[PDB]
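Below is one structure, written out as structure tokens; comments come after it.
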Amino acid sequence: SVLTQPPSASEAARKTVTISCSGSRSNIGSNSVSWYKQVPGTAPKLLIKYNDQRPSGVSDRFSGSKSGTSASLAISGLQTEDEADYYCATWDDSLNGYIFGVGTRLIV
Amino acid sequence: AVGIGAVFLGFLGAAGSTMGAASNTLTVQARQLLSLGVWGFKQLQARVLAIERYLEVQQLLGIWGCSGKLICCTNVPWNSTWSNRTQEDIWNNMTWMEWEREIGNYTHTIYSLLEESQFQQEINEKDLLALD
Amino acid sequence: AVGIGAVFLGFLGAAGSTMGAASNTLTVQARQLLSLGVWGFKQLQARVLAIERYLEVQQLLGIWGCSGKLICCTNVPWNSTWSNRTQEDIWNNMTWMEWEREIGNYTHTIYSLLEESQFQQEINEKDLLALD
Amino acid sequence: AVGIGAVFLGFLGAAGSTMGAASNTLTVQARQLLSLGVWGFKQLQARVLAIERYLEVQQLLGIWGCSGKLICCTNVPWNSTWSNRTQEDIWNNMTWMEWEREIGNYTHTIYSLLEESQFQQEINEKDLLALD
Amino acid sequence: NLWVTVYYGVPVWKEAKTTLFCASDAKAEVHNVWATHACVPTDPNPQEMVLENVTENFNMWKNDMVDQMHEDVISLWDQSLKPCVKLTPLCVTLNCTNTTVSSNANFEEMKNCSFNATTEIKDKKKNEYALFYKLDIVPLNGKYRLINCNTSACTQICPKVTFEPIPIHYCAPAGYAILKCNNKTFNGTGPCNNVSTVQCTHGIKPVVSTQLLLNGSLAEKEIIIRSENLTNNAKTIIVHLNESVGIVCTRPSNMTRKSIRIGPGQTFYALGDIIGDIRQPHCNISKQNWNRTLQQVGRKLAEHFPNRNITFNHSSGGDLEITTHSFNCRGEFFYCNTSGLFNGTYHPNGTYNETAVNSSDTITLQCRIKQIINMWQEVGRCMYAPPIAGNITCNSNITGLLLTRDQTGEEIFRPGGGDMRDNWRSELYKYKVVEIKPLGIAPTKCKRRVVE
Amino acid sequence: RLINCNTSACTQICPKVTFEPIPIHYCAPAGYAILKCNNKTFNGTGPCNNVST
Amino acid sequence: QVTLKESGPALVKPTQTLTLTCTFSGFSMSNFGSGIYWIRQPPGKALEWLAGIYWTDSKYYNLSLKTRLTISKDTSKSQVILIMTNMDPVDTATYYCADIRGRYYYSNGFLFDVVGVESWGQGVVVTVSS
Amino acid sequence: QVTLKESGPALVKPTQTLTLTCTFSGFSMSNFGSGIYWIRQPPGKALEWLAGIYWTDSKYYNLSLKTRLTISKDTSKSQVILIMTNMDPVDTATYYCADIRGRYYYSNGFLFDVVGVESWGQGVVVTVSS
Ligand SMILES: *[C@@H]1O[C@H](CO)[C@@H](O[C@@H]2O[C@H](CO)[C@@H](O[C@@H]3O[C@H](CO[C@H]4O[C@H](CO[C@H]5O[C@H](CO)[C@@H](O)[C@H](O)[C@@H]5O[C@H]5O[C@H](CO)[C@@H](O)[C@H](O)[C@@H]5O)[C@@H](O)[C@H](O[C@H]5O[C@H](CO)[C@@H](O)[C@H](O)[C@@H]5O)[C@@H]4O)[C@@H](O)[C@H](O[C@H]4O[C@H](CO)[C@@H](O)[C@H](O)[C@@H]4O[C@H]4O[C@H](CO)[C@@H](O)[C@H](O)[C@@H]4O)[C@@H]3O)[C@H](O)[C@H]2NC(C)=O)[C@H](O)[C@H]1NC(C)=O
Ligand SMILES: *[C@@H]1O[C@H](CO)[C@@H](O[C@@H]2O[C@H](CO)[C@@H](O[C@@H]3O[C@H](CO[C@H]4O[C@H](CO)[C@@H](O)[C@H](O)[C@@H]4O)[C@@H](O)[C@H](O[C@H]4O[C@H](CO)[C@@H](O)[C@H](O)[C@@H]4O[C@H]4O[C@H](CO)[C@@H](O)[C@H](O)[C@@H]4O)[C@@H]3O)[C@H](O)[C@H]2NC(C)=O)[C@H](O)[C@H]1NC(C)=O
Ligand SMILES: *[C@@H]1O[C@H](CO)[C@@H](O[C@@H]2O[C@H](CO)[C@@H](O[C@@H]3O[C@H](CO[C@H]4O[C@H](CO)[C@@H](O)[C@H](O)[C@@H]4O)[C@@H](O)[C@H](O[C@H]4O[C@H](CO)[C@@H](O)[C@H](O)[C@@H]4O[C@H]4O[C@H](CO)[C@@H](O)[C@H](O)[C@@H]4O)[C@@H]3O)[C@H](O)[C@H]2NC(C)=O)[C@H](O)[C@H]1NC(C)=O
Ligand SMILES: *[C@@H]1O[C@H](CO)[C@@H](O[C@@H]2O[C@H](CO)[C@@H](O[C@@H]3O[C@H](CO[C@H]4O[C@H](CO)[C@@H](O)[C@H](O)[C@@H]4O)[C@@H](O)[C@H](O[C@H]4O[C@H](CO)[C@@H](O)[C@H](O)[C@@H]4O)[C@@H]3O)[C@H](O)[C@H]2NC(C)=O)[C@H](O)[C@H]1NC(C)=O
Ligand SMILES: *[C@@H]1O[C@H](CO)[C@@H](O[C@@H]2O[C@H](CO)[C@@H](O[C@@H]3O[C@H](CO[C@H]4O[C@H](CO)[C@@H](O)[C@H](O)[C@@H]4O)[C@@H](O)[C@H](O[C@H]4O[C@H](CO)[C@@H](O)[C@H](O)[C@@H]4O)[C@@H]3O)[C@H](O)[C@H]2NC(C)=O)[C@H](O)[C@H]1NC(C)=O
Ligand SMILES: *[C@@H]1O[C@H](CO)[C@@H](O[C@@H]2O[C@H](CO)[C@@H](O)[C@H](O)[C@H]2NC(C)=O)[C@H](O)[C@H]1NC(C)=O
Ligand SMILES: *[C@@H]1O[C@H](CO)[C@@H](O[C@@H]2O[C@H](CO)[C@@H](O)[C@H](O)[C@H]2NC(C)=O)[C@H](O)[C@H]1NC(C)=O
Ligand SMILES: *[C@@H]1O[C@H](CO)[C@@H](O[C@@H]2O[C@H](CO)[C@@H](O)[C@H](O)[C@H]2NC(C)=O)[C@H](O)[C@H]1NC(C)=O
Ligand SMILES: *[C@@H]1O[C@H](CO)[C@@H](O[C@@H]2O[C@H](CO)[C@@H](O)[C@H](O)[C@H]2NC(C)=O)[C@H](O)[C@H]1NC(C)=O
Ligand SMILES: *[C@@H]1O[C@H](CO)[C@@H](O[C@@H]2O[C@H](CO)[C@@H](O)[C@H](O)[C@H]2NC(C)=O)[C@H](O)[C@H]1NC(C)=O
Ligand SMILES: *[C@@H]1O[C@H](CO)[C@@H](O)[C@H](O)[C@H]1NC(C)=O
Ligand SMILES: *[C@@H]1O[C@H](CO)[C@@H](O)[C@H](O)[C@H]1NC(C)=O
Ligand SMILES: *[C@@H]1O[C@H](CO)[C@@H](O)[C@H](O)[C@H]1NC(C)=O
Ligand SMILES: *[C@@H]1O[C@H](CO)[C@@H](O)[C@H](O)[C@H]1NC(C)=O
Ligand SMILES: *[C@@H]1O[C@H](CO)[C@@H](O)[C@H](O)[C@H]1NC(C)=O
Ligand SMILES: *[C@@H]1O[C@H](CO)[C@@H](O)[C@H](O)[C@H]1NC(C)=O
Ligand SMILES: *[C@@H]1O[C@H](CO)[C@@H](O)[C@H](O)[C@H]1NC(C)=O
Ligand SMILES: *[C@@H]1O[C@H](CO)[C@@H](O)[C@H](O)[C@H]1NC(C)=O
Ligand SMILES: *[C@@H]1O[C@H](CO)[C@@H](O)[C@H](O)[C@H]1NC(C)=O
């Protein structure tokens, strides 16, 4: 009943990096998933809303999608300032809670 | 997804939803009805305007017998000419805005029928109580 | 002579006819009720006047229990002092205008009786539902 | 001491008496409701104010199902949190003014419950009539 | 068989026309022209619901709200100006001459005019002197007279009232609603698929301007261009900017305000003297914020006019009311020579990197003061703006532009305030009053029971 | 000279109108009432135990 | 614009009762769509959800800490108060109060789903030591 | 004042469908007492009544020509349209559209009786030939 995603998804720059976070029917299948970016020492910020939309302020590079019980966050044009801890969270209704992910590391 | 009881929805909510779903949110709309200087005249005109609009609906409801009932059935039958679509596709495939636009031409005929029918429901009832 | 359904008659129609005949044309009268410059003030004064007159009748009806009923029976009996004429000669030999002129003096007494009677109909009904 | 029928009492009478005793004088209060120059504007502003206040109460009554009933029972149960005193001490040991002061905080919650309950009383009734 | 049933309170609305009333937060004898103290308090947090699965058409060119409140403003101005002094006695011969004091050389904008003014008693008359701008006095066959003496009785503003642009909310009565669009790329006319219902609008500041919309709300996504018929060159164009540019305007001078008595119970205030040097008013605009701003709007216009060179030029000329950028600052009416702002053109093909233009560079402007104003583009009224002691400075943000288009190749766009009503169209473009129709009739299987 | 010449234009009472103190009654609309106290030793502020509507 | 500010003691003893208060402005907690969450993050690891409270007066807590958590709101003071009891040494973490944006749709009854938590707080640090 | 003007083709072939339209002004066809008749008169002989339409949307036709006649009204265009089919050589006659004035009285139900047809038309001639 917890989303599982690959931690330490470090890779080179100047390319397209795709990450995925798995879930279940209760959490990913029947609800929406949102992504967040958090450099250590401060609060996170939103990147993905409604699984396919992004607020005003996020670069054109960040994008994601939802398919069945799994989701993705496609990021292109990686830069030296695009490293932080990334999370995915979604309401589940199994415990009636907005359970978060496990957190990843993106190091160039 | 957590459920909303439909009493917490805002004004004009569920307008774009199906007619059957919107039938469960009649209460919220009813609450909002009847909510010397230059401003005073315009404000005073606004207050009378709100009263007139609210009273117009209630006057029609009283004649039709639905004086206080939010949902009321009647004895007049529905005519296929006014609408030909089936019940399943009416309550679960379109919104209230489209439905009113479709039958806006036959509104006058239906209003007269309700007054005629309900008035007949009163005189015959009176005849029944006179047999004691 | 072709027949009129009495729904097509105009306002104040059947005024000179018998009381029984005019009892079938109550609907048409109900419809007409609630139908910066110098004109605006007079027009505004007219709109509030119409609302006040319509609401006065409805306020009396609600207390008497005929909130929405066009024709309603009551439990209070009729007194011979108020009127001595038989039923046959009342509904088939004179108009409504004459009837109201005849009993205009006793209208105050009848009005109070309806409030007292209907109010009594409520408290005793409440006592009956408390036995469950 | 000769007896008064409670219909002859004046406006706001029996205010300092018990709640049960004052329940028999509801009629008298209802009667008094809706009883170019500088004076005309103030008088005109007064007439609209009276209409607005009266219509506010009637709008709530219609949704609750007590469109014309002076005393109406409902299906929602009473909560001990709102009031803990027994029935004997409520109708025979204090006045209406104190009672409204005590429960003025919970008025909002009760109003919503009546709308929700009465609205539910309509949809389930409609389902029963569809079995014919 | 099916039977008819009546539903009360359905979510149905129909377009309609109705009156509106103001609403503003409490502010606090203080006097305001808009009488916001008399306006109804709005709310801490008004109720707003975002509707879904709904598309509604909008048309701001046939919106009665702009027409309605347009007549409100003129009545409000009239309501406050009735108990103010009338300057009919000032129509007297003026013996004007050059002002003397020890740029300063160009002093031919204010003249020291002397005249015989009636004292508190009617019969006696005494000599008085005051300073008047050259735009408000005309010569004769070597004497001068006020420009308004042959047009109409010309009144004054009581200084007690202040006419700063306090935001106000136009709210409709019960039984009506205002529909608000939320699409970020919505032009003047077309469907809106993110309509939201609100009891009434947000704070709207009534600002009087000709060529530039000041201290207003900004577009969210990108620059918005609105016009009823773009192909038609006779209709004005409204441009809404997503990035704002600050404007600083000032009248540097400490002008003593002198009270002059002109009759029994009548007293008016004029300019006393100059303490220092003569210096003209001016407005400063950054070079990069304007060159970049005209760059962004230039490419936006390319889509509507493909493969066409776009150039911005100064106004044609004629009357000074619309040729110049007229605005207000602490109650002083300015008229800025806007010619250097529109001194560039957009090339659809080329390189436009901003680093080429030097920074810390501003665009100084020449502006003039006119204390006799005829307003609403109709010669039937006055407001004589009284002076203010000391120097004034007003800072604001530019929000939108009012441009007009005038055979092949280059396309010329010029600034012009053709109509005043377009000032508020840029704020009410996303609003529409509508009436509620809570009656609904549909068939059903339920039948009314009859007691026998 | 008149005192008011340097203050404000001063109007005149038309002799046709008379401004004698005719008693008047201020009355509220329906739905409102006016409460009247009857204690003979009642000061400006305090409870009243003989209130009449 | 919405601003979220939280406050609470840093040095917290075990076994006692602690109170966390998050102050909000620019909106009301009674209107449609309003709601505030509570997030924990021990240092150097992922986030954790404590509870959340909506404008419908509906309170939702984590299953593992249902008995230890009770939340409340204040309409007058315009604040949300979180009470926790029986802390542990592993309670050392940063507390975040955040506001949520959501959507509504009908499926056998009206439903509310959160598209994401938009507005976060600056954070308050709590330590369990002596 | 009321004016009745009619129009239609003069040369009419047999077996086809013809349309007669009478234009009226100065009154409405929805108000009480309104009604328009259709009269025929072959040359040199008496009149004949085709049909009539009242403000109650009630249409009355002659028994001998019930199937051949169908009448209609137009509230927007403010006209009455008469349609006849399967003409005969004896159909050569002058067509009149006229307005009626009447009375109402109660006898076991409200009744409407006509006192006489007051306002007539100028007439239109129809011929059946080739
Ligand atoms: C369809 O259209 C929908 C509407 O456009 C759209 O929904 C909207 O989506 C956006 C994007 O998610 C939301 O934007 C956020 O808004 C937050 C503030 O929200 C509050 O204020 C709103 C505006 O309030 C003014 O205007 C109202 C107009 O109706 C008035 O009613 C108000 O009274 C108020 O007026 C006052 O102020 C005016 C000027 O502001 C002034 O003129 C006026 O006179 C008066 O003084 C309210 O609408 C809103 O109310 C809603 O929500 C509350 C609960 O929140 C309910 O109670 C209400 O009933 C109503 O439902 C709020 O009260 C912003 O703070 C927020 O900013 C953050 O996010 C953006 C990007 O998303 C960042 O750029 C920004 O910097 C902020 O993030 C930063 O800070 C955080 C820390 O806080 C940090 O962590 C982060 O990393 C970053 O640094 C954001 O912009 C908007 O709220 C949604 N609703 C509305 C109504 O607009 C929908 O998505 C569209 N699409 C669909 C449906 O598919
Ligand atoms: C804006 O518009 C969008 C799309 O236009 C809309 O989303 C869609 O909403 C509709 C209605 O809310 C959804 O349709 C419902 O879906 C549920 C669940 O569907 C899943 O499960 C079924 C199997 O159960 C699968 O076949 C399906 O593929 C999905 O996986 C259904 O359960 C619903 O069925 C009920 O409603 C039908 C139509 O009214 C009835 O014919 C049917 O019998 C069901 O009614 C009965 O339900 C109970 C069953 O026990 C019973 O107790 C009841 O009394 C009743 O008899 C229905 O088909 C659709 O899935 C949505 N699509 C999406 C989200 O992509 C938005 O809702 C709309 N916005 C708003 C605000 O409304
Ligand atoms: C303005 O004033 C004039 C005159 O004052 C008035 O005209 C008169 O109207 C009255 C009422 O409409 C007419 O009286 C009715 O006449 C019919 C027919 O009368 C002829 O036939 C009878 C035999 O049937 C002859 O004896 C007579 O001489 C005529 O030749 C009667 O049938 C009516 O009887 C009914 O009404 C009576 C009174 O209400 C009842 O006592 C009687 O029982 C009948 O009622 C029953 O009728 C049905 C019978 O089956 C039954 O189904 C019902 O339920 C009900 O029980 C009645 O006497 C009178 O003739 C008119 N006189 C004229 C025209 O010269 C105008 O009408 C008035 N204007 C308006 C607008 O009203
Ligand atoms: C577009 O929008 C901008 C943004 O508001 C406007 O810029 C403001 O305009 C207002 C109105 O002209 C300015 O308000 C004025 O401020 C003066 C200075 O205030 C400062 O200094 C005093 C001490 O000298 C301090 O007490 C004060 O707190 C400030 O720090 C005031 O002296 C003015 O006073 C006026 O109002 C009072 C009210 O009682 C009267 O008694 C006075 O007699 C006088 O009439 C006035 O309040 C404001 O300074 C401008 N800047 C800002 C940042 O707000 C643009 O003017 C506007 N443009 C258009 C065209 O609408
Ligand atoms: C952003 O900022 C840049 C620069 O800061 C602005 O670009 C300048 O634009 C002006 C106006 O176009 C340029 O000035 C001159 O424009 C002439 C336009 O040609 C017409 O007018 C001339 C007038 O004599 C006619 O002869 C001609 O037939 C046309 O009818 C050009 O012809 C001029 O070119 C001459 O001077 C340049 C100087 O660099 C020489 O290189 C040429 O060879 C030629 O001799 C001249 O360009 C000005 O030069 C531009 N400066 C630049 C590009 O650095 C942008 O306009 C501004 N953004 C916006 C939106 O306005
Ligand atoms: C404007 O003109 C008036 C005269 O009409 C000037 O007033 C005189 O000024 C001189 C020098 O300042 C004094 O010596 C006189 O006593 C003044 N006489 C009066 C009647 O005022 C005034 O100074 C001029 N002001 C300017 C700015 O030129
Ligand atoms: C539009 O403007 C562009 C430049 O902004 C013009 O391009 C120049 O055109 C002249 C001929 O008129 C050529 O000699 C130059 O070589 C062109 N410039 C460059 C950089 O090549 C263009 O002519 C203008 N007119 C049109 C119709 O595009
Ligand atoms: C690059 O410059 C060219 C100029 O030739 C622009 O395209 C041409 O515009 C002229 C305008 O008179 C047309 O006659 C030509 O047909 C256009 N060329 C083509 C191939 O269609 C072009 O728009 C400029 N590039 C950009 C990005 O604006
Ligand atoms: C882009 O901006 C740079 C910023 O300066 C421009 O570079 C300048 O160009 C001028 C003229 O060629 C030189 O005199 C300066 O020395 C240059 N400065 C620097 C720092 O390089 C450049 O010209 C711009 N690009 C254009 C106009 O295409
Ligand atoms: C814009 O032009 C001015 C011209 O004065 C530049 O001012 C120079 O600034 C530098 C750094 O502050 C000084 O060392 C020079 O002495 C200044 N020039 C003078 C006084 O003539 C200014 O730097 C330019 N803008 C930019 C961004 O460089
Ligand atoms: C007007 O001013 C000039 C200034 O030199 C002066 O000579 C002239 O006498 C003045 N006019 C009168 C009537 O005094
Ligand atoms: C608003 O409508 C435009 C097209 O008219 C569309 O591109 C845009 O995405 C819409 N806004 C939304 C969906 O938020
Ligand atoms: C505005 O937008 C609509 C739809 O996007 C489009 O049809 C129309 O041409 C645009 N321009 C005007 C002036 O309406
Ligand atoms: C404003 O819109 C222009 C359109 O080209 C865009 O380039 C610019 O980045 C936008 N700026 C902001 C702050 O949205
Ligand atoms: C704009 O006006 C021109 C003038 O001829 C016309 O041809 C064109 O159709 C109009 N376009 C509109 C109204 O969208
Ligand atoms: C203008 O003159 C007044 C009065 O002498 C003085 O107080 C003020 O400082 C002067 N203005 C400036 C900018 O010094
Ligand atoms: C504006 O100034 C320019 C030069 O700066 C001048 O050519 C033009 O005539 C002026 N226009 C007005 C109306 O003052
Ligand atoms: C808009 O104006 C206000 C007050 O004049 C100012 O505080 C604000 O910074 C301005 N906006 C920008 C983007 O500079
Ligand atoms: C009115 O109150 C005073 C004390 O406040 C009391 O002495 C007096 O008796 C009262 N009047 C009565 C009881 O009539």
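Going by the structure tokens order, chains are called A, B, ..., each with residues numbered from 1, while ligands are numbered from 1 in the order shown.
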* Asked: Can you list, as a PyMOL selection string, every protein, DNA or RNA residue that comes within 9 Å of residue 109 of chain H when you count only C-alpha atoms, leaving out same-chain residues fewer than 4 positions away?
  -> (chain C and resi 3-6+21) or (chain H and resi 105)
* **Nearby residues (only C-alpha atoms) at most 6 Å from residue 27 of chain A, same-chain spacing under 6 positions excluded, as a ChimeraX atom specification** => /A:90-92
Do me a favour and pick out the residues of chain D within 12 Å of chain B, using only C-alpha atoms, as a PDB file with C-alpha atoms, in the first residue's frame.
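The resulting selection05.pdb:
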ATOM      1  CA  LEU D  36     -41.093  62.515  -4.090  1.00  0.00           C
ATOM      2  CA  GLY D  37     -40.824  63.980  -0.599  1.00  0.00           C
ATOM      3  CA  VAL D  38     -38.395  63.089   2.161  1.00  0.00           C
ATOM      4  CA  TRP D  39     -41.081  61.166   4.054  1.00  0.00           C
ATOM      5  CA  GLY D  40     -42.021  59.153   0.969  1.00  0.00           C
ATOM      6  CA  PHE D  41     -38.499  57.798   0.534  1.00  0.00           C
ATOM      7  CA  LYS D  42     -38.254  56.766   4.190  1.00  0.00           C
ATOM      8  CA  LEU D  44     -41.009  53.514   0.851  1.00  0.00           C
ATOM      9  CA  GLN D  45     -37.795  52.138   2.352  1.00  0.00           C
ATOM     10  CA  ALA D  46     -39.890  50.916   5.290  1.00  0.00           C
ATOM     11  CA  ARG D  47     -42.417  49.046   3.135  1.00  0.00           C
ATOM     12  CA  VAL D  48     -39.736  47.088   1.265  1.00  0.00           C
ATOM     13  CA  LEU D  49     -37.980  46.325   4.557  1.00  0.00           C
ATOM     14  CA  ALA D  50     -41.125  44.735   6.003  1.00  0.00           C
ATOM     15  CA  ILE D  51     -41.641  42.631   2.868  1.00  0.00           C
ATOM     16  CA  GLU D  52     -38.026  41.441   2.889  1.00  0.00           C
ATOM     17  CA  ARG D  53     -38.143  40.391   6.546  1.00  0.00           C
ATOM     18  CA  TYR D  54     -41.419  38.479   6.205  1.00  0.00           C
ATOM     19  CA  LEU D  55     -40.304  36.663   3.054  1.00  0.00           C
ATOM     20  CA  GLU D  56     -37.063  35.552   4.726  1.00  0.00           C
ATOM     21  CA  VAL D  57     -38.968  33.479   7.294  1.00  0.00           C
ATOM     22  CA  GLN D  58     -41.384  32.020   4.737  1.00  0.00           C
ATOM     23  CA  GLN D  59     -38.519  30.943   2.469  1.00  0.00           C
ATOM     24  CA  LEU D  60     -37.008  28.851   5.270  1.00  0.00           C
ATOM     25  CA  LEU D  61     -40.403  27.377   6.178  1.00  0.00           C
ATOM     26  CA  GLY D  62     -41.089  26.198   2.630  1.00  0.00           C
ATOM     27  CA  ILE D  63     -37.843  24.239   2.378  1.00  0.00           C
ATOM     28  CA  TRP D  64     -38.498  22.594   5.757  1.00  0.00           C
ATOM     29  CA  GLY D  65     -41.961  21.459   4.610  1.00  0.00           C
ATOM     30  CA  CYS D  66     -43.884  23.744   6.997  1.00  0.00           C
ATOM     31  CA  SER D  67     -45.080  25.977   4.174  1.00  0.00           C
ATOM     32  CA  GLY D  68     -48.343  26.903   5.911  1.00  0.00           C
ATOM     33  CA  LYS D  69     -48.325  24.855   9.108  1.00  0.00           C
ATOM     34  CA  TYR D 111     -31.050  24.689   9.863  1.00  0.00           C
ATOM     35  CA  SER D 112     -28.857  22.645   7.515  1.00  0.00           C
ATOM     36  CA  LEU D 113     -30.154  19.369   8.965  1.00  0.00           C
ATOM     37  CA  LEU D 114     -33.786  20.274   8.263  1.00  0.00           C
ATOM     38  CA  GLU D 115     -32.993  21.068   4.625  1.00  0.00           C
ATOM     39  CA  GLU D 116     -31.037  17.826   4.227  1.00  0.00           C
ATOM     40  CA  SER D 117     -33.697  15.727   5.968  1.00  0.00           C
ATOM     41  CA  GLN D 118     -36.704  17.196   4.151  1.00  0.00           C
ATOM     42  CA  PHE D 119     -34.935  16.945   0.790  1.00  0.00           C
ATOM     43  CA  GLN D 120     -34.341  13.252   1.496  1.00  0.00           C
ATOM     44  CA  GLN D 121     -38.040  12.886   2.359  1.00  0.00           C
ATOM     45  CA  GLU D 122     -38.878  13.957  -1.213  1.00  0.00           C
ATOM     46  CA  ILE D 123     -36.629  11.735  -3.344  1.00  0.00           C
ATOM     47  CA  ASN D 124     -37.531   8.520  -1.510  1.00  0.00           C
ATOM     48  CA  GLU D 125     -41.234   9.386  -1.698  1.00  0.00           C
ATOM     49  CA  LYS D 126     -40.878   9.885  -5.458  1.00  0.00           C
ATOM     50  CA  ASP D 127     -39.344   6.412  -5.756  1.00  0.00           C
ATOM     51  CA  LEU D 128     -42.428   4.943  -4.065  1.00  0.00           C
ATOM     52  CA  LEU D 129     -44.838   6.516  -6.570  1.00  0.00           C
ATOM     53  CA  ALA D 130     -42.926   5.026  -9.533  1.00  0.00           C
TER      54      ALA D 130
END
* Give me the residues within 12 Å of residue 50 of chain F as a count of residues only, counting only C-alpha atoms and dropping any in the same chain fewer than 4 places off. => 9
* Which residues come within 10 Å of segment 61-65 of chain A, counting only C-alpha atoms, excluding same-chain residues fewer than 3 positions away, as a VMD selection string? -> chain A and resid 16 18 to 20 33 to 35 47 to 54 58 70 to 78
* chain G residues within 7 Å of chain E, counting only C-alpha atoms: which ones, as number ranges by chain? -> G: 27-28, 31
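Between atom 9 (O, counted along the ligand's line) of ligand 7 and atom CA of residue 292 of chain E the separation is 22.9 Å.
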* Asked: Which is closest to ligand 8 among E:83, E:281, E:387, E:348, if we use only C-alpha atoms and all ligand atoms?
  -> E:348
* ligand 2: which residues are within 9 Å, counting only C-alpha atoms and all ligand atoms, as a VMD selection string? -> (chain B and resid 13 to 18 20 to 22 88 to 89 91 to 93) or (chain E and resid 51 to 54) or (chain G and resid 104 to 111)
* **Polymer residues at most 12 Å from residue 355 of chain E, only C-alpha atoms, same-chain spacing of 3 or more positions, as a ChimeraX atom specification** => /E:287-288,291-292,351-352,358-359
